[PDB]
Chemist: 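Mind having a look at this structure? Questions to follow.
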Amino acid sequence: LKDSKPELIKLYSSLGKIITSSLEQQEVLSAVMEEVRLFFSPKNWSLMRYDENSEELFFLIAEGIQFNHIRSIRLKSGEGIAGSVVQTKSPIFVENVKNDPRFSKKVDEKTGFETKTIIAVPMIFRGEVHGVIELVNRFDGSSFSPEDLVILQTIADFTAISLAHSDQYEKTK
Amino acid sequence: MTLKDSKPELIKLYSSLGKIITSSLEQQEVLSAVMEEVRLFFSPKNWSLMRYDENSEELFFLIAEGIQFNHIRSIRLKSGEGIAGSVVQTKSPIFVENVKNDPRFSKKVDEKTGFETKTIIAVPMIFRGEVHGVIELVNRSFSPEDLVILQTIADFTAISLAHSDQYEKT
Ligand SMILES: Nc1ncnc2c1ncn2[C@@H]1O[C@@H]2COP(=O)(O)O[C@H]2[C@H]1O
Ligand SMILES: Nc1ncnc2c1ncn2[C@@H]1O[C@@H]2COP(=O)(O)O[C@H]2[C@H]1O
């Protein structure tokens, strides 16, 4: 079936195994891509890292848009759905970004993509926010399940662990 | 959203094992995290974690509960030696209901400890497709769910120990 419990627990217990398998940031980022693709195959999704010093978010991963167009983007805290996730430390689901004042058009203006829906989750490790993962125009009010949310939160949890350790390993070297 | 089934809780449970075990880069904390999870899920009076040294192709003990560590500190198992050594070679779990009827069994440790081994469940610690060690539950049936939990502990412990080694080189 793959809906049977034995298959579900195999799948759920595989989470994190690719993501946590390297200390080097590039390999972590590739691994995150692999697990996100496996569970969601999103045409548009991203991972934004939070810089504690500048209090800004920047892109590390941005699938379905041109990385060159968004390399220079920095979001201030509270800016965008992604910025609000950092502040609230909680997920945000938005069925239509026009109807949300928190939304930031900045990136759509650079890319010419039109954002309609966002699920955004915080990456938290030991109480610190390391960033945000967004799935863009992937889900709407009907298709977004509690299981989807938990799977995505779990990916974000393991990614936080791996990125924290990658940073700490870089320092000592 | 309103909940229709227990999937969210299943995901949180199965993925908690790896979040706990991988959270530290210091070996002692990793080992303590492993002990915590193994004790919680299985409460074994006798169990162990043996690390595989790629260079010497030997297994040695990092954890050995229910026997005196001072008796087994020097033990080294060659590849293929013991149930544990066979797991390394086959890269698969081995269940043995009675070690007297298994030619793979190694008496070497019982001889040092004076403990009598009767049953073993042994699981490989897999990292990037290779075996980095073995976890044994000794003298105490084993459901498919138990197996998955143990295998998950094993795999994440390989991941976490590899990183702890790489980090501690500094
Ligand atoms: N992979 C992506 N493809 C297209 N647009 C994206 C992607 N990731 C982020 N965005 C957009 O970037 C915006 C950043 O601020 P918001 O989170 O408020 O809304 C976000 C989306 O509109
Ligand atoms: N925690 C333990 N308590 C007692 N004996 C153990 C423990 N862990 C491993 N052993 C023994 O160590 C032996 C190593 O070789 P085997 O795997 O064939 O069989 C193993 C057991 O007999």
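What you see below is based on every heavy atom in this structure, not just the backbone, and it leaves out hydrogens, waters and symmetry mates. Indexing begins at 1, ligand by ligand and atom by atom, following the structure's order. So you know, we letter chains A, B, ... as the sequences are listed, proteins then strands, and number each from 1.
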Chemist: Provide, to 0.1 Å, the distance between atom 7 (C) of ligand 2 and the closest protein heavy atom, together with that atom's residue and name.
Modeler: B/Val138 CG2, 3.7 Å
Chemist: Which bit of A/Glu63 gets closer than 4.0 Å to ligand 1, counting heavy atoms only: side chain, backbone, both or neither?
Modeler: backbone
Chemist: Determine whether any heavy atom of A/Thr111 lies closer than 4.0 Å to an atom of ligand 1.
Modeler: no
Chemist: Decide whether the shortest distance between a heavy atom of B/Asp110 and an atom of ligand 2 is less than 4.0 Å.
Modeler: yes
Chemist: Using a 4.0 Å heavy-atom cut-off, which part of A/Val136 comes near ligand 1: side chain, backbone, both, or neither?
Modeler: side chain
Chemist: Do me a favour and list the nearest non-hydrogen protein atom to atom 21 (C) of ligand 1 with residue, atom name and distance?
Modeler: A/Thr115 OG1, 3.4 Å
Chemist: Among all protein non-hydrogen atoms, which one is nearest to atom 18 (O) of ligand 2, and what is the separation to 0.1 Å?
Modeler: B/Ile83 N, 2.8 Å
Chemist: Which of the listed options, A/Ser84, A/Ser104, A/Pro42, holds the heavy atom that is closest to atom 15 (O) of ligand 1?
Modeler: A/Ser104
Chemist: Taking only heavy atoms of A/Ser46, which atoms of ligand 1 are found under 4.0 Å from at least one of them?
Modeler: 8 (N), 9 (C)
Chemist: What are the atoms of ligand 2, with element, lying closer than 4.0 Å to any heavy atom of B/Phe105?
Modeler: 18 (O), 19 (O), 22 (O)
Chemist: What protein heavy atom is closest to atom 19 (O) of ligand 1, reported as residue, atom name and distance in Å?
Modeler: A/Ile118 CD1, 3.3 Å
Chemist: Quick test: of every protein heavy atom, which one is nearest to atom 9 (C) of ligand 2, and how far off is it to 0.1 Å?
Modeler: B/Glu136 OE1, 3.3 Å
Chemist: Does any N or O atom in B/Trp47 lie less than 3.5 angstrom from one in ligand 2, N or O only?
Modeler: yes
